[PDB]
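Asks: need a structure here:
(chains A and B)
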Amino acid sequence: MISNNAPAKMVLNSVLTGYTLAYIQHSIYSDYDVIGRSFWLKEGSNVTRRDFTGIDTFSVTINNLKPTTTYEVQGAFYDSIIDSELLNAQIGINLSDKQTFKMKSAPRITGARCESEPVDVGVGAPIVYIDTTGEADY
Amino acid sequence: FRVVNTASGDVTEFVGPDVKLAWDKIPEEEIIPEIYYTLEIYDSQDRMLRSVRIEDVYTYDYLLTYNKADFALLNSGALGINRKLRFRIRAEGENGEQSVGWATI
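Replies: Numbering: from 1, shown residues only, chains lettered A, B, ... in the order given. Structure data below:
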């Protein structure tokens, strides 16, 4: 009768993208033996593994990511049974299906300039015209 | 014959990375000079492994290293762990025969 259960594969509800930070909404664990959650990013050339201690919250914040680099997200909970070597092998983890997202680009200034109107009496007020190429919200 | 580290909600679940197993001392063990219990371990399929000759011990721990390193590779041919398990213990006589029957999980 006695048996062991691997953590149920989670579902990544949504991912919000920042050109340096990544926010992911994922389902909740349902197995008692769960000890931690791990993720496996894919730069497209090298696979990077990231894990965060604690399972209190439904959201995560992946840091230290290369800007303007699409990534693939796949991870799941690993219980006390799963070992570090076994986790690296990813044999019994039963990870979640991968999901691809595009990582935004940091702002840049295309050109710098300043012009002002000549005035008959008084002084023309300085103004700065600067053209950007970014995509940040503000 | 009970699994001490069984999870609170589910009796058939053990939280610990390994399996720690305990059992009561057999009665009438005093008259007999020696009794060693033979513990049979199985998998999802009925596969004999980890047959342990144990004397005067009322608690056995099936360590994770004892679990995956030893027989997971031996049977499956690869490092892949095994999760579903069955346990079966039975007292054996030092000179006489064994007990009436094996003990249920």
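
Asks: CA only for contacts and neighbour counts going forward, please
Replies: Noted.

Asks: just read off the phi/psi values of the residue of chain B positioned farthest from its centre.
Replies: Centroid-distance maximum for chain B: residue B:31 at 25.0 Å, with Cα atoms, centre = their mean. Dihedral angles of residue B:31 (phi, psi; degrees, to the nearest 10) stand at phi -60, psi -40.

Asks: can you list the residues of chain B near chain A?
Replies: B:7, B:11-18, B:64, B:79-81, B:83-86, B:105 (Cα under 8 Å from any Cα of the partner chain).

Asks: who are the neighbours in contact with the residue sitting nearest the centre point of chain A?
Replies: Ranked by distance to the mean C-alpha position of chain A (Cα atoms, centre = their mean), the top residue is residue A:22 at 2.3 Å. Residues near residue A:22 by Cα atoms under 8 Å, 6 or more residues apart in numbering or on different chains: A:15, A:16, A:60, A:61, A:62, A:63.

Asks: if you set the cut-off to 10 Å instead, what comes out?
Replies: A:15, A:16, A:60, A:61, A:62, A:63, A:64, A:65, A:103 (Cα atoms under 10 Å, 6 or more residues apart in numbering or on different chains).

Asks: so of those, which ones are in strands?
Replies: Judged by DSSP state E, the contacts of residue A:22 include A:15, A:16, A:60, A:61, A:62 as members of strands.

Asks: intersect the contacts of residue A:22 with the contacts of chain B.
Replies: The subset of the contacts of residue A:22 within reach of chain B, by Cα under 10 Å from any Cα of the partner chain, is empty.

Asks: what's the closest of these to chain B?
Replies: Checking the contacts of residue A:22 against chain B by Cα to the nearest Cα gives residue A:60 as the nearest, at 24.9 Å.

Asks: so which bits of stretch A:69-86 are buried?
Replies: With burial defined by 16 or more other Cα atoms under 10 Å in any protein chain shown, the residues of stretch A:69-86 counted as buried are A:70-83, A:86.

Asks: off-centre distance for it?
Replies: Offset of stretch A:69-86 from its chain centre (Cα atoms, centre = their mean, to the nearest Å): 15 Å.

Asks: longest strand in chain A, by residue count?
Replies: strand A:34-42.

Asks: that strand close to chain B?
Replies: Yes - residues of strand A:34-42 are located near chain B by Cα under 10 Å from any Cα, namely A:34, A:35.

Asks: residues touching residue 67, list them.
Replies: Here I'm looking at chain A. A:18, A:19, A:20, A:21, A:102, A:103, A:104, A:105, A:106.

Asks: ah, I was thinking of chain B
Replies: By Cα under 10 Å, 6+ apart, the neighbours of residue B:67 are B:17, B:18, B:19, B:49, B:50, B:73, B:81, B:82, B:83.

Asks: got a winner among the residues you listed for most neighbours?
Replies: residue B:19 (23 neighbours; other Cα atoms under 10 Å in any protein chain shown).

Asks: that residue pairs with what?
Replies: residue B:62 (DSSP bridges).

Asks: please tell me I have it right and it contacts residue B:61.
Replies: Yes - the pair residue B:19 / residue B:61 is scored as a contact, 5.7 Å apart, by Cα atoms under 10 Å.

Asks: what sits in contact with each of those two?
Replies: By Cα under 10 Å, 6+ apart, the residues touching both residue B:19 and residue B:61 are residue B:3.

Asks: quick one: contacts for residue B:36?
Replies: Contacts of residue B:36 (Cα under 10 Å, 6+ apart): B:52, B:53, B:54, B:55, B:56, B:57, B:90, B:91, B:92, B:93, B:94, B:98.
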